Amino acid sequence: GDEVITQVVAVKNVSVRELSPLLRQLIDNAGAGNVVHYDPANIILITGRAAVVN
Amino acid sequence: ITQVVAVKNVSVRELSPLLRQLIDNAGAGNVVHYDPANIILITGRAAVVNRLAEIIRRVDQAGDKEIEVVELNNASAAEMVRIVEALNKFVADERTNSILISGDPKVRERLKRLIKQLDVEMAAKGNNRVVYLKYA
Amino acid sequence: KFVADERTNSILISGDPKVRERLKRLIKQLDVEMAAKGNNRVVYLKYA
């Protein structure tokens, strides 16, 4: 559905800052309210609509 | 009310912009102050102080890292050391002959995996042999 | 990248499951042991 939830998922292989521009492309591709925050401890944060967060 | 909660894993100054986002997202009166002794201060409405403490504890609980101590009965610890050293943290003691670990409960999963991986002891090779001469 | 132990005499690997495919290939490739060459020989002198 359209709900706003945060999802925490990992990419171990290389630091996920590498995805900041294209992920903010999906933060741009649709409506905002999102965050995608890349923890240097290497996990992954999204917040926003479950579809675009997907 | 003010809430004092910890993030041990890395210094919480790292959260100042996004936490002030929740100091911006709603009304002010808040403080979030990051003590270099590594604890955490919020002050403000219990709801926004909560979501703040949830981001905060979301960098607390996130990256967990500590030490393990696990017996190495067979493969020399210092060897375990060396043979992990090539991998790119780790301790062991050869008083005990035990891998110690510093890092993740993912490091705890995979490095209990490598606790187990090189524990094995090679079968005797008959390196030396006593031969009974029949004639000579 | 690559490791091994000669306690165990075992290749350890760091890298891909493509590195796992090809480097199980090279796990297997140089496992072979050369046949004995009769490097030394005891010769029975008939006369001298």
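This deposited entry lists cryo-EM as its structure determination method and 3.26 Å as its resolution.

Caption draft 1: Representation of the overall build of chain C. Within chain C, the secondary structure is distributed over one helix and two strands. For chain C, the succession of helices and strands along the chain, N to C, is β-β-α. By its C-alpha atoms, chain C is 65 × 20 × 10 Å across when sized along the principal axes. Counting all 48 residues of chain C, 15% fall into the buried class. Summed over its atoms, the accessible surface of chain C is roughly 5100 Å², and 54% of this surface lies on carbon and sulfur atoms. Put simply, chain C has 11 plus and 6 minus side-chain charges, and the middle of one group is 5 Å from the middle of the other.

Caption draft 2: Local environment of the pattern of salt bridges. Scanning the entire structure with this criterion turns up five salt bridges over all chains. The partner of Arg95(B) in a salt bridge is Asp93(B), and the shortest N-O contact between them spans 3.6 Å. Classification of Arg95(B) by relative accessible area gives exposed; the value is 73%. For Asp93(B), a relative accessible area of 27% corresponds to the partly exposed category. In this structure, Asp5(C) and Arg7(C) form a salt bridge, with 3.6 Å as the shortest nitrogen-oxygen distance. When sorted by exposure, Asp5(C) lands in the same class as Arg7(C), which is buried.

Caption draft 3: Geometry of the arrangement of the chains. Among the two pairs of chains that make contact, the interface with the largest number of contacts is formed by chains B and C. As for chain C relative to chain A, no contact occurs, and the smallest C-alpha gap between them is 10 Å.

Caption draft 4: View of the layout of surface pockets. Of the volumes computed, that of the second largest pocket is approximately 300 Å³. Lining the second largest pocket are 16 residues, with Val35(A), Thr47(A), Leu22(B), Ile55(B) and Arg58(B) positioned closest to its centre. Where the lining of the second largest pocket is concerned, the elements lending two or more residues are strand 1 (4–9), strand 2 (35–39) and strand 3 (43–49) of chain A together with helix 1 (16–25) and helix 2 (46–60) of chain B. Per-element tally for the lining of the second largest pocket: the top contributor is helix 1 of chain B, with four residues. Of the residues that constitute the lining of the second largest pocket, the class distribution is seven nonpolar, seven polar and two charged.

Caption draft 5: Main features of the interface of chain B and chain A. Listed as interface residues are seven residues of chain B and, on the opposing side, nine residues of chain A. Of the roughly 640 Å² buried where chain B meets chain A, counting both sides, 67% is carbon and sulfur surface. Taken as a group, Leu18(B), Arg58(B) and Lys106(B) account for 55% of the area that chain B buries against chain A, more than any other trio of residues on that side. Linking chain B with chain A are zero salt bridges. Between the two partners, chain B and chain A, sit zero residue pairs in polar contact. Split into classes, the residues belonging to the side of chain B that touches chain A amount to four nonpolar, one polar and two charged.

Caption draft 6: Just the interface of chain B and chain C, in detail. At the interface, ten residues of chain B touch six residues of chain C. Summing both sides of the interface, chain B and chain C together bury roughly 710 Å²; the carbon and sulfur share of this comes to 64%. When residues of chain B are sorted by the area they lose upon contact with chain C, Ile83(B), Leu118(B) and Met122(B) head the list and together hold 53% of the total. At the junction of chain B and chain C, the tally comes to one salt bridge. The shortest N-O distance in the salt bridge between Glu79(B) and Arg7(C) comes to 3.6 Å. On the surface where chain B and chain C come into contact, there are one residue pair in polar contact. Along the lines of polarity and charge, the residues of the side of chain B that touches chain C split into seven nonpolar, no polar and three charged.

What counts as what
- Residues numbered from 1 in each chain as written, not as in the entry; some residues may be left out.
- Chains lettered and ligands numbered in written order.
- Part of a larger assembly, values for the part shown.
- Heavy atoms only, no water.
- Helix = DSSP H or I, 4+ residues; strand = E, 2+ residues; numbered from the N terminus.
- Buried < 20%, exposed > 50% of the residue type's maximum accessible area, 1.4 Å probe, protein only.
- Areas by Shrake-Rupley, 256 points an atom, 1.4 Å probe, with all protein chains shown as cover.
- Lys, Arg positive; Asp, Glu negative; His and termini not counted.
- Charge placed at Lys NZ, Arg CZ, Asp CG, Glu CD.
- Salt bridge = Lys/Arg side-chain N within 4 Å of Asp/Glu carboxyl O.
- Contact = heavy atoms within 4.5 Å.
- 1 Å grid on protein atoms, 1.4 Å probe; cavity = no way out; pocket = protein on both sides within 12 Å on 5 of 7 lines; lining within 4 Å.
- Points joined across faces, edges and corners; volume = space filled by probe spheres on them.
- Nonpolar A, V, L, I, M, F, W, Y, C, P; charged D, E, K, R; others polar.
- Buried area = accessible area lost by both parts, 1.4 Å probe.
- Polar contact = N/O pair within 3.5 Å; in protein donor to acceptor, adjacent residues only side chain to side chain.

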